[PDB]
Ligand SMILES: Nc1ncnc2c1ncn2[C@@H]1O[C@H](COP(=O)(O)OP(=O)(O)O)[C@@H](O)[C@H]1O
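As a starting point, one isolated chain is supplied in structure tokens, in the form solved without the named molecule.
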């Protein structure tokens, strides 16, 4: 692509928008930037020479643009952005800009849960093989910052939002790990509209890696000659369970006894399968890929033990921003005493009812906070308490914690109503756990 001389308008003054500003300036194009927020976070980091507009979308700028670059946080359905599309003005996102420039193969990963773990695993498999790898996207390092003529493989975590604005991705290997309700505040045509965004990841992919146990991860025309599957009891990549022992298997052959992994839980074993399938499709050597599965210890804020003291584990699962992610934490969870479960934040219009079946019995207490705290407490009112904030909830539960108990922050909601992001929520939880638990 050649952007010289074009009128380029960027929407969003977050991490993505700032990376796009730098991308265009480095190519001799001065963009303009706007954001609907009155005081967006990147305002102070924006170079002084770049014109900016805040507090609304500016139609004078959008309707004059040759190219609109939309951050994932702005809906294409915004009336001003929809008006620009109606006029035939080209709209792309940062991932599109990246794909147009990338000079190495791309592994592309989406899904409602597991995507950062799988993305990081594939990156570790590449590193173990001695491959110069760039890992980024929705995981938190904007993709345009990865561009490097020495990079030999890119591994991108992609959201549904990013995929909506991407048209030129031709992944060497692509997966949808699973599809469960999320972002319904952005998808007024429901689960299938969200799914449709994710299905874009398979377009022009050389290999598609699908979940044999989740039919919504399959292309609408069905699985085809490009499709490799993973699953629990079936799939090209699957699990074999025996007497307290689980193996990763590929087409009937054992490849790894999961006792060698540092992650645990069935969903992390299927994450390992998906990562291996992607790595195999990208041509990475099997032996080094298996080694990486044994060295990876997990991501911050993803079922992370932040304190184990006095017989109590305090677990930061702040990255559980949807119901399916909290279900993965709860399903199969063993607690000797009482589970003190922190739920709350901005639920994004989700139905929380799938969580109720994990919340029966006498050894569970709920502490519900944030915007949707009342809806979460309604899952089982007789064991639930509601506060405004997570700190209030933690100070309420801490006196009740007994040896053998678990305190689990797995909130099923976004943090943006009260926190900068899920990392700040997790860091605040960890600080409070250390104060209250030691």
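Numbering follows the first chain given and starts at 1.
The protein also exists as the form deposited with the named molecule bound; that form is not presented, and the subsequent description refers to it.
The named molecule is not shown here, and in the deposited complex it never comes within 4.5 Å of any heavy atom of residue 238. Among residues of the shown chain, residue 340 is not one whose heavy atoms approach the named molecule to within 4.5 Å in the deposited complex.
Not displayed here, the named molecule is approached by residue 324 to within 4.5 Å at the level of heavy atoms in the deposited complex. Contact between residue 271 and the named molecule in the deposited complex is found at the 4.5 Å heavy atom cutoff. Stretch-level contact check against the named molecule in the deposited complex with heavy atoms at 4.5 Å: of 286-294, 127-135, 301-309, 238-246, the positive one is 301-309. Put simply, of 267, 200, 313, 365 only one has a heavy atom within 4.5 Å of the named molecule in the deposited complex, and it is 267. A heavy atom within 4.5 Å of the named molecule in the deposited complex is found for exactly one of 229, 178, 166, 80: 178. Residues of 306-326 that come within 4.5 Å of the named molecule in the deposited complex, judged by any heavy atom, are 317, 319, 320, 324, 325 in sequence order.
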